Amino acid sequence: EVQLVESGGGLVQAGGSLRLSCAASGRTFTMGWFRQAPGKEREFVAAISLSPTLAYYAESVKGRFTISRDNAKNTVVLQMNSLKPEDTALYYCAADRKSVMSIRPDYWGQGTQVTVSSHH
């Protein structure tokens, strides 16, 4: 069983930047990120393929979040810019032995909290 360990979560202000990373004990074809907000169902965030490295994003994060993976290090990184308060959620990294990420991936991380707060 692959183990997924996440890091980088915390508190940010609207318009800020935050990097999440997730280290896997083994290499799967698809690596990515989901998120779950309070009182909502877990939703897909981003994912990236092993070879070729093709990234795809949910429509609500495209143009604001990028994703990149180190296949040697077996890590995945989600770089978030232009954060909105609605981006507050638990972010779970996921690994999937599939061509495209599935909403029931083989493996899950513990979940790292990301809290985006308004200004004033």
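Quick note: we count residues from 1 along the sequence shown, nothing fancier.
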item: Higher-B stretch (mean Cα B-factor, as the entry records it), 51-59 or 36-44; value: 36-44
item: Higher-B stretch (mean Cα B-factor, as the entry records it), 16-24 or 101-109; value: 101-109
item: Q79 CA temperature factor, ranked by third within the chain; value: middle
item: Chain-wide C-alpha B factor ranking for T66, given as lowest, middle or highest third; value: lowest
item: Third of the chain, ranked by Cα B-factor, where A89 sits; value: highest
